[PDB]
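J.: one piece of my complex first, more on the way:
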Amino acid sequence: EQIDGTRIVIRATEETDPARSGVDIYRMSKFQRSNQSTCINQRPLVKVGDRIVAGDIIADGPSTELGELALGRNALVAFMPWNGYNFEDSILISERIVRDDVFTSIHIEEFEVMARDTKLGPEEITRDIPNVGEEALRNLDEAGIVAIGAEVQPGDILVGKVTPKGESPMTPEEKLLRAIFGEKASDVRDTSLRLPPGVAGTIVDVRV
């Protein structure tokens, strides 16, 4: 009947029972993290108003086109040693295979953070830990997590974890610096989850 990516509605059949099943809608799986920390996306290959018999693939899965399995994309190849850039088994590459967005995956990391109640007071997941610049607090809502769809650079604050603890070892130079700047020693230790060094960037989903 209709196709909107997130789902695909199908009529009952050419010869359907009275109240056996009715219409069967196939909720197309959107970009969810696979077991290998990769993307699992499906596209409604069927078009609006196209009869489809039972037993065929309606929407392709991850790395598939027109129902057939497609582990990658076909690229024009020249089996010649180009200036030694493919001296060993290395494979030279053109910018067209990276500019056209043809060999690019998603690889949803889906990092996990906890807020376990430690013995030294319950751990908090509030906005941010003290002694942190405002540049890292960007893309964070009032709850403290990154906004859904906000790009996060490698190392930026992902979820502010405020963990209460005891008084840290009072060092003389640090105490002198704190008295000079007038601030007070934060009783809580910074434990907010941060993205490891990578090119992750955008955030797809933030489940709490």
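T.: Sure thing, it's come through. Numbering: from 1, shown residues only, chains lettered A, B, ... in the order given.

J.: Contacts only, for residue A:149.
T.: Contact partners of residue A:149, counting by Cβ atoms under 8 Å, 6 or more residues apart in numbering, are A:202, A:203, A:204. Where C-beta positions appear, they are placed from N, C-alpha and C, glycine not excepted.

J.: just the buried members of those?
T.: Listed as buried from the contacts of residue A:149 are residue A:203; burial here means 16 or more other Cβ atoms under 10 Å.

J.: Return the alpha-carbon coordinates of stretch A:181-188 using CSV.
T.: Extracted in CSV, the C-alpha atoms of stretch A:181-188 (Å, rounded to 0.1, in the frame of the first residue of the first chain):
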residue,chain,number,x,y,z
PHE,A,181,41.6,31.1,43.1
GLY,A,182,39.0,31.1,45.9
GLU,A,183,37.3,27.9,44.6
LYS,A,184,36.6,24.9,46.8
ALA,A,185,37.8,21.4,46.3
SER,A,186,35.1,19.4,44.5
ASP,A,187,34.2,16.4,46.7
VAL,A,188,33.0,14.5,43.6
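
J.: Check which residues of that stretch are buried.
T.: Residues of stretch A:181-188 classed as buried by neighbour count (16+ other Cβ under 10 Å): residue A:188.

J.: Please apply the same query to stretch A:131-151.
T.: With burial defined by 16+ other Cβ under 10 Å, the residues of stretch A:131-151 counted as buried are A:136, A:137, A:139, A:140, A:144, A:145, A:146.

J.: Can you tell me which of the residues you listed lies closest to residue A:67?
T.: Nearest to residue A:67 among the buried residues of stretch A:131-151: residue A:146, at 36.4 Å, using Cβ to Cβ.

J.: I'd say the closest one and residue A:152 touch.
T.: Yes. Look at residue A:146 against residue A:152 with Cβ atoms under 8 Å: they come within range, at 5.6 Å.

J.: hey, what's in contact with both of the two?
T.: Residues touching both residue A:146 and residue A:152 (Cβ under 8 Å, 6+ apart): A:139, A:158, A:203.

J.: Nearest residue to the first one in space, ignoring adjacent ones along the chain?
T.: Right, residue A:139. Excluding its sequence neighbours, the residue lying closest to residue A:139 (Cβ to Cβ, 6 or more residues apart in numbering) is residue A:150, at 3.6 Å.

J.: Chain B comes next; put it on the structure above:
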Amino acid sequence: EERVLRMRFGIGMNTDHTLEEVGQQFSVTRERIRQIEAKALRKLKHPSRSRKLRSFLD
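T.: One more piece, chain B, placed on the ones above:
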């Protein structure tokens, strides 16, 4: 003044003395030591002296 301020916290000596304890080492243990400590603390708060420490406290 630098000596009494260091004795207040301890750079070489780890025995962190209180206000009176560091006071006896210099002069009569009174609010004069606290006054000089406050004056020193407010001294190195300018952009000239506290320049490399502005990015040190985080």
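
J.: again for the buried residues of stretch A:131-151, since chain B is there now?
T.: For stretch A:131-151, burial by neighbour count (16 or more other Cβ atoms under 10 Å in any protein chain shown) applies to A:136, A:137, A:139, A:140, A:144, A:145, A:146.

J.: likewise stretch A:95-114?
T.: In stretch A:95-114, the ones that count as buried by 16+ other Cβ under 10 Å are A:106, A:108, A:113.

J.: give me phi/psi at residue A:97?
T.: Main-chain torsions, residue A:97, degrees, to the nearest 10: phi -80, psi 0.

J.: again but with residue B:4, I slipped
T.: Backbone torsions for residue B:4, taken as degrees, to the nearest 10, come to phi -70, psi -40.

J.: Verify the contact between it and residue B:33 for me.
T.: Yes. Counting by Cβ under 8 Å, residue B:4 does reach residue B:33; the two are 6.5 Å apart.

J.: among the buried residues of stretch A:95-114, which are within reach of chain B?
T.: With the criterion set as Cβ under 8 Å from any Cβ of the partner chain, no member of the buried residues of stretch A:95-114 is near chain B.

J.: mind giving me CSV with these and columns for secondary structure?
T.: Below are the buried residues of stretch A:95-114 laid out as CSV (DSSP: H, G, I helix; E, B strand; the rest coil):
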residue, secondary structure
A:106, coil
A:108, coil
A:113, coil
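
J.: helix or strand for residue A:180, which one?
T.: For residue A:180, the host element (DSSP states H and E) is helix A:172-181.

J.: In that helix, which residues are buried?
T.: Going by neighbour count (16+ other Cβ under 10 Å), the buried part of helix A:172-181 is A:172, A:176, A:178, A:179, A:180.

J.: mind listing what the residue of chain B found nearest chain A touches?
T.: Closest approach between chain B and chain A, counting by Cβ to the nearest Cβ: residue B:9, at 4.0 Å. The contact partners of residue B:9, by Cβ atoms under 8 Å, 6 or more residues apart in numbering or on different chains, come to A:172, A:173, A:175, A:176, B:16.

J.: ok, the third one to chain B distance?
T.: Between residue A:175 and chain B the distance is 6 Å, computed by Cβ to the nearest Cβ, to the nearest Å.

J.: Closest to chain B out of the buried residues of stretch A:131-151?
T.: Nearest to chain B among those: residue A:136, at 11.4 Å, using Cβ to the nearest Cβ.

J.: while you're at it, add chain C from this line:
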Amino acid sequence: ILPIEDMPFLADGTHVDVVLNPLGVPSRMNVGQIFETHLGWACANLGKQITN
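T.: This next block brings in chain C, placed alongside the chains you saw above:
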């Protein structure tokens, strides 16, 4: 990643997206990769002829 200008030009003007090493075939006998590449080139030329 060579630009789309420095890649080897074809007779039709198209630049190859990848430039492998032919030494991998004699060392490791995977000459079917060469036959597979020839078949892929035939299919690509057929596709360019049908779309043209």
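
J.: and the contacts of residue A:149, now that chain C is part of it?
T.: Residues in contact with residue A:149 (Cβ under 8 Å, 6+ apart) are A:202, A:203, A:204.

J.: which residues touch the second one?
T.: If I follow you right, that is residue A:203. The contact partners of residue A:203, taken as Cβ under 8 Å, 6+ apart, are A:139, A:146, A:147, A:148, A:149, A:150, A:151, A:152.

J.: Over to the first one?
T.: With contacts defined as Cβ under 8 Å, 6+ apart, residue A:202 is in contact with A:149, A:150, A:151, A:152.

J.: what does the next helix or strand after the helix holding residue A:180 contact?
T.: Heading C-terminal from helix A:172-181, the first helix or strand you meet, by DSSP H and E, is strand A:188-190. Here strand A:188-190 makes contact (Cβ under 8 Å, 6+ apart) with A:124, A:129, A:130, A:131, A:132, A:162, A:163, A:164, A:165, A:168.

J.: And the contacts of the lengthiest helix in chain B?
T.: When chain B is parsed with DSSP state H, its longest helix is helix B:31-43. By Cβ under 8 Å, 6+ apart, the residues outside helix B:31-43 that reach it are A:179-180, B:1-2, B:4-5, B:8, B:19-20, B:22-23, B:26-27, B:49.

J.: May I ask which of those residues has the most neighbours?
T.: Ranked by neighbour count (other Cβ atoms under 10 Å in any protein chain shown), the contacts of helix B:31-43 have residue B:8 at the top, with 25 neighbours.

J.: Which single residue in chain B comes nearest to chain C?
T.: Per Cβ to the nearest Cβ, residue B:55 is where chain B lies closest to chain C, at 37.8 Å.

J.: which SSE is that residue in?
T.: Per DSSP H and E, there is no helix or strand for residue B:55.

J.: circling back to that earlier point, in CSV, list the contacts of residue A:203 along with secondary structure.
T.: Output for the contacts of residue A:203, formatted as CSV (three-state DSSP):
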residue, secondary structure
A:139, coil
A:146, strand
A:147, coil
A:148, coil
A:149, coil
A:150, coil
A:151, coil
A:152, strand
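
J.: and of these, the nearest to residue A:76?
T.: Proximity of the contacts of residue A:203 to residue A:76 (Cβ to Cβ) peaks at residue A:151, which lies at 32.6 Å.
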